[PDB]
Amino acid sequence: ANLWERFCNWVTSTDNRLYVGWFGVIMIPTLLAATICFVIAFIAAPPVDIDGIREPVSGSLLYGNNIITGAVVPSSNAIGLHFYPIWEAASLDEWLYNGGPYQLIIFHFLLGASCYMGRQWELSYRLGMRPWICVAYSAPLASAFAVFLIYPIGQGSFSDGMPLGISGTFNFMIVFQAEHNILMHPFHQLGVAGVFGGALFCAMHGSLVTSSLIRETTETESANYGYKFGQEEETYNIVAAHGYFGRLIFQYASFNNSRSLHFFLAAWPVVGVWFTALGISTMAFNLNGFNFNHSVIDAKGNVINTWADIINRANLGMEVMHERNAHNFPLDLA
Amino acid sequence: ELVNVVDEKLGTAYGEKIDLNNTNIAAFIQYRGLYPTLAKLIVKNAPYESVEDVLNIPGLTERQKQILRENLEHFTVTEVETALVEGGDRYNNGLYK
Amino acid sequence: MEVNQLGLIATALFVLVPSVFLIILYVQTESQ
Amino acid sequence: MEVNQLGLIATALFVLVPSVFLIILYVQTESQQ
Amino acid sequence: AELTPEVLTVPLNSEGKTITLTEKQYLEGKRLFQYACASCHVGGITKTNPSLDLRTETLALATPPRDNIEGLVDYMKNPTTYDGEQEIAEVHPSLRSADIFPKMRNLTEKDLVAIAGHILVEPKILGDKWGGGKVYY
Amino acid sequence: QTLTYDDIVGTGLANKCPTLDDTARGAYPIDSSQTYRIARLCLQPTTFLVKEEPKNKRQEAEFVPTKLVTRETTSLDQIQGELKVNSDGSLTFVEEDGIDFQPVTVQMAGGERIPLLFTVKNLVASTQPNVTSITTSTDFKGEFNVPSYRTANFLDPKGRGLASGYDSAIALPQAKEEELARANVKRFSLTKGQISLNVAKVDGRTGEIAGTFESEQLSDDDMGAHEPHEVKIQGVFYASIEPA
Amino acid sequence: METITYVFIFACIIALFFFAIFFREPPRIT
Amino acid sequence: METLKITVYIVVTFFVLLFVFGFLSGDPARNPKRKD
Amino acid sequence: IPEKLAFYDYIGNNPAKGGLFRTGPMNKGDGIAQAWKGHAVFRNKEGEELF
Ligand code: CLA
Ligand code: CLA
Ligand code: CLA
Ligand code: CLA
Ligand SMILES: CC(C)=CCC/C(C)=C\CC/C(C)=C/CC/C(C)=C/CC/C(C)=C/CC/C(C)=C\CC/C(C)=C/CC/C(C)=C\CC/C(C)=C/CC1=CC(=O)C(C)=C(C)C1=O
Ligand SMILES: CCCCCCCCCCCCCCCCCC(=O)OC[C@H](CO[C@@H]1O[C@H](CO)[C@H](O)[C@H](O)[C@H]1O)OC(=O)CCCCCCCCCCCCCCCCC
Ligand SMILES: CCCCCCCCCCCCCCCC(=O)OC[C@H](CO[C@@H]1O[C@H](CS(=O)(=O)O)[C@@H](O)[C@H](O)[C@H]1O)OC(=O)CCCCCCCCCCCCCCC
Ligand code: HEC
Ligand SMILES: CC1=C(/C=C/C(C)=C/C=C/C(C)=C/C=C/C=C(C)/C=C/C=C(C)/C=C/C2=C(C)CCCC2(C)C)C(C)(C)CCC1
Ligand code: OEX
Ligand SMILES: [Cl-]
Ligand SMILES: [Cl-]
């Protein structure tokens, strides 16, 4: 054992309170940089000219935001997709005005989070586990890539990336509806199905295992004290929960293989969230939601509005008001 | 003391007629014959003291002065408003459809 | 920013009162 | 009256902080018994 | 309501002589107006020059006037500016410029009359929606 | 030399006016029977200075330097106009057209951003009388117009504008309007600035001149909402002079 | 004052992270 | 700023090298069952 | 006379003019100094200068 090997063993040690890992050797610095830049910027960054029209948007607390309205504001549209590291600016004052912190944070963050995924694989290998938790995390990771990288690439600017704020996130959702009619896109409908049903099945599983917990405590103590960490036996009667739940609907609508039951819980929301991340990724290239505007017309040819035309009226309200000083020509093509 | 100069102008002849000193060039589509040739000439030769100085534009043709007389009743001149003529707003005022 | 004066006292007690409850309950659990 | 607005948060914490300290110490004394 | 001959009656020339189209032609002109004109003219606006719509009242103050089928077939053969003072076949598809605007090659005089019929009928049906743009969608 | 966009793209040189050797100290003969024109005039600012503003004390306002934050986007170029010979021998430049304005934001100590419309719109600059030739001691002085930094369609964060926009503070339905007038009522400023151009290099061969300039003008006033700052711009210019 | 409040509460949460991880109840194999 | 550029260049490079070399240092054997 | 020297000659900057519960900056009290108004000379109807 020499210097390199002692280090290699520390890095991949399964005795560290927090696993490090080769993926962690990248994740730790990139996440730290992003987290420190994000916190300073959120509190103190001065206004950022997000839309490139010399009209700065104040995102930080010290400049009169609160927790809900504050943000790290995306980098200037004048920058488009150009790389804007600190060293490319003439002064930090220039880097701040033009929104450099958003580039630094998102790049370090996306790098950091891709290696988090990798680190989940890595530790599972050292622990003797099956490897695929990192596959589940890939649904939220891709989702984040979609709003922070892909959608900017398709539209040619990080100025149309998702802002790092609570209200900025809403701005981003609203403008998206106007430009892509995302509600009418099947992949986002799959993501709603992803998350409603993931919440639905999460209550169902909690409610059902909780229902069939085996008495092991008295009325005064928490029932939680009837499980002991590491115990070999199960704390609940799955036969009984299948018996409740098979009758609630019918016998075959109900799982009786615990393995089949948990793979279903993993698979449902992960798939759904893959699809909505893909929906954001593809609407990045302007393949938008179904367009049924004026799809119904009468014998003479008058337009017979459906609910889709009513959506489109709201969409148009979003369209004409958003970024109200930034368009000189009549189509908003990116 | 603080007034919107554009609202003020709406209460003038500008609000009823084509102000040859102010109105964006697309308002000349309203009347047969004017657009785009004469409107460009009208706009280029800039401001006028009187509506009828438009007939003295150098190089007009006889067909053109006749069209212009046919429409003197649709024109007016008021003072030039910096806010309507700056930024090239007489050629493109941000309005499309 | 012209914010609410009572907002500070409402926020502070909102944190302080329920937190102290939990702290009282936890420390006397430990000492028995 | 034109009284100072932090008078109130000052008074409330002056009361609550040391009161809670003592309550914490007393309660966990009694559950030692 | 339905599609009637009173609706399908449109000016044939500026002297007043009308012609009365049929269901089959109006649909042909909508289908050909799509193929040929909707890219810039969808809904009766003009995307590459919003100041100029296909509203029947705009085609009236055109020089030469255009609110009749002959006037329109002529525009589609040899188009001009609104005042008539210039020919714009170089930047506006027409039979004249069918070499640079291929979609115009395979059209016949009956096709052009279908397309004008459509244009002159469509505002009878939709009114202000035709040539209004997004306010009216 | 023949330089191409690809040689230049991305370097910062697109924002720089041409220069001449230190041997371009000739003299261009000006010929009264002739008409002349500036085929290109190019101004490249190098420093933006912004007048301080004392307290009540009427002490002293110095021009403090500023930090440019809007990058290499500041130069006026491609400007053309008639160089008239006048009867008192002087030369007068009357601008016609060009990229004669660039909006600019500089920062002051403390964090205040000062935007301004760096411009020479409708420039009319004249030399001294009886100028037979442009030498490396020839000066122009002139005045230009400075239109409002934003034009009439510009809408403020609450949707208010001059030619468009809400005419009131809609989020405060029943506030007293009196206290909000300066902000509810956009006004479009139009002002004048002064500029000295000092020819320091001449190429009589080609009729190329180059020197430095100094201009004074007002900053953005935000369509009437606050007072402008006095701003002083220094840089270099280059002009080619063709017979017209 | 409201800036200070937002940041104080943020900072309290970060300290809570530190203790919840490093001074957790250790899980025991019983 | 040039000083910053170079410091980040050197930093990133060094970490990037840990990651590669680390995985090359017989990472498939670093597991609790088959040391191979 | 520099205004900075005249401002020292003013009891409002005397640290012994305060109070225990009068909180905050001195500016919260007499206000933010903007200008020296001038040095003031009193005379009676006789032309005698008074102090
Ligand atoms: C795991 C470590 C890690 C990683 C992967 C990154 C990654 C990045 N940083 Mg961050 N950074 C880190 C740690 C890290 N950082 C730390 C610890 C700090 C604090 C000091 C920072 C501070 C920081 C700042 C202040 C900035 C970045 C920026 C960036 C981005 C571009 C960096 C670049 O051009 O390098 C290029 C990398 C290479 C050329 C190395 C490639 C690897 C090959 C294999 C070798 C190449 C040899 C190389 C050229 C020789 C260099 C020496 C030579 C000059 C003598 C990228 C997201 C910039 C940014 O976000 O802009 C938007 C930026 O402004 N970083
Ligand atoms: C009145 C109740 C109601 C019902 C029945 C639905 C139903 C639906 N909504 Mg809506 N939704 C509701 C209220 C409701 N919604 C409300 C109050 C809001 C907020 C205003 C929304 C907002 C919303 C959005 C934004 C979207 C939907 C979508 C959907 C679809 C997916 C549902 C899903 O995955 O849920 C999770 C539940 C499950 C996965 C369980 C299975 C659900 C199915 C539908 C029931 C089983 C049917 C069964 C085969 C029939 C019995 C046959 C028998 C022989 C066994 C579905 C058509 C999405 C959509 O448009 O899809 C078209 C979509 O994008 N919902
Ligand atoms: C009932 C209404 C309803 C419902 C249920 C949904 C549901 C959803 N929408 Mg839709 N939306 C709606 C209405 C609705 N929407 C309306 C009305 C509009 C129009 C105004 C839209 C417009 C819209 C847009 C434009 C987008 C959505 C998206 C989404 C998704 C959000 C969750 C997500 O991305 O998870 C995925 C998970 C993540 C993004 C999290 C990633 C986490 C990273 C990897 C780690 C984070 C670490 C963190 C920083 C630190 C944590 C550590 C710390 C705690 C210590 C989801 C499928 C988004 C989508 O599909 O994105 C892909 C999207 O971009 N919506
Ligand atoms: C050596 C300590 C020290 C000193 C000399 C100062 C001095 C100053 N501070 Mg700082 N400050 C300090 C510590 C200190 N500070 C600390 C520790 C904090 C964090 C709490 C602050 C936070 C702070 C803020 C947030 C602000 C100041 C400001 C000020 C100025 C106004 C002070 C004022 O009005 O006080 C008034 C003094 C009192 C009201 C006296 C309080 C003492 C009471 C009467 C006693 C308490 C009761 C006690 C229990 C007695 C019974 C006990 C018995 C049983 C034995 C002044 C220059 C202010 C300023 O002008 O900002 C620029 C301002 O806004 N300070
Ligand atoms: C006048 C009149 C008519 C009155 C007379 C009435 C009367 C008394 C006479 C008889 C009436 C008669 C029977 C006629 C019927 C008429 C008729 C059909 C009525 C209409 C009813 C109808 C519309 C119902 C639709 C059915 C419906 C609501 C749901 C079906 C959808 C469905 C199958 C989805 C459930 C999804 C599913 C299978 C499970 C996933 C959930 C999940 C992950 C749970 C987690 C989980 C599962 C487990 O499994 C176990 C184990 C554990 C641990 C666990 O975590
Ligand atoms: C082991 C854990 C350790 C964690 C420690 C946390 C790290 C803390 C991060 C803070 C680092 C930022 C400091 C930047 C120094 C500013 C100097 C300066 O003059 O600029 C400060 C200002 C920035 O801008 C001005 O900042 C002011 C702060 O009050 C005001 O807010 C003004 O309004 C704002 O405009 O700009 C300048 O004056 C200089 C122009 C640029 C020339 C500086 C070259 C150095 C480039 C900085 C690169 C930072 C890299 C940080 C990574 C280090 C982490 C190991
Ligand atoms: C005709 C048109 C053109 C062609 C189109 C082709 C369509 C057919 C494609 C078929 C797809 C293949 C099946 C899927 C894989 C599978 O079978 O899993 C294998 C397991 C094994 O089941 C288990 O099987 C076990 C035995 S064994 O392992 O299968 O051998 C048994 O022990 C256990 O009890 C039992 O549950 O399946 C499950 O556990 C059963 C529950 C059903 C869930 C599986 C599907 C995944 C759900 C995602 C839904 C996405 C929603 C997105 C959000 C809106
Ligand atoms: C499909 C064959 C058609 C038909 C039938 C028409 N257009 Fe166009 N159009 C375009 C532009 C820029 C103009 C304005 C031209 C100008 O005067 O500068 C027009 C104008 C017309 C008119 C005149 C309408 C009027 O109000 O007078 C008419 C009758 C007309 N068009 C018919 C642009 C385009 C295109 C962009 C490439 C396309 C394609 C077409 N037009 C297609 C057609
Ligand atoms: C060695 C090692 C390690 C460690 C490492 C680490 C731990 C790192 C760290 C890192 C770090 C620690 C980093 C940092 C970064 C940061 C940054 C980069 C920041 C930035 C900032 C800035 C840039 C800002 C600015 C501003 C704003 C925003 C506003 C206001 C003003 C100012 C100017 C301040 C490990 C374990 C892996 C293993 C291997 C080896
Ligand atoms: O930046 Mn942000 O937002 Ca997507 O389109 Mn174009 O751009 Mn702007 O407009 Mn709509
Ligand atoms: Cl917006
Ligand atoms: Cl645009």
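Note: hydrogens, waters and symmetry copies are ignored here, and every other heavy atom, side chains too, is used. Residue numbers start from 1 in every chain, and the chains themselves are labelled A, B, ... in the order their sequence lines are given, proteins ahead of strands.
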**Message:** Checking E:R55 now: which residues fulfil side-chain hydrogen bond (donor to acceptor under 3.5 Å, both in side chains) with it, not counting sequence neighbours?
**Reply:** none

**Message:** I need the contact set between residues 23-30 of chain B and chain E: heavy-atom distance under 4.5 Å, sorted by residue number.
**Reply:** B:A26, B:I29, B:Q30

**Request:** For atom CD of E:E23, decide whether the heavy atoms of other residues, nucleotides or ligands shown that lie under 6.0 angstrom number more than 12.
**Result:** no

**Item:** Inter-chain contacts: residues 61-87 of chain B against chain E, heavy atoms under 4.5 Å
**Value:** B:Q64

**Asked** B:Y35 and E:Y82: which non-hydrogen atoms are nearest, and at how many Å?
**Response** O-CB, 3.3 Å

**Asked** Do you know which two heavy atoms are closest between B:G33 and E:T63, and how far apart they sit?
**Response** N-OG1, 4.0 Å

**Message:** Surrounding CD of B:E52 (heavy atoms of other residues, nucleotides or ligands, distance under 6.0 Å), is the total greater than 12?
**Reply:** yes

**Prompt:** Is the closest side-chain heavy-atom distance between E:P65 and B:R32 below 4.5 Å?
**Reply:** yes

**Asked** Among residues 89-97 of chain B, which residues come closer than 4.5 Å to chain E, judged by heavy atom distances?
**Response** B:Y96, B:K97

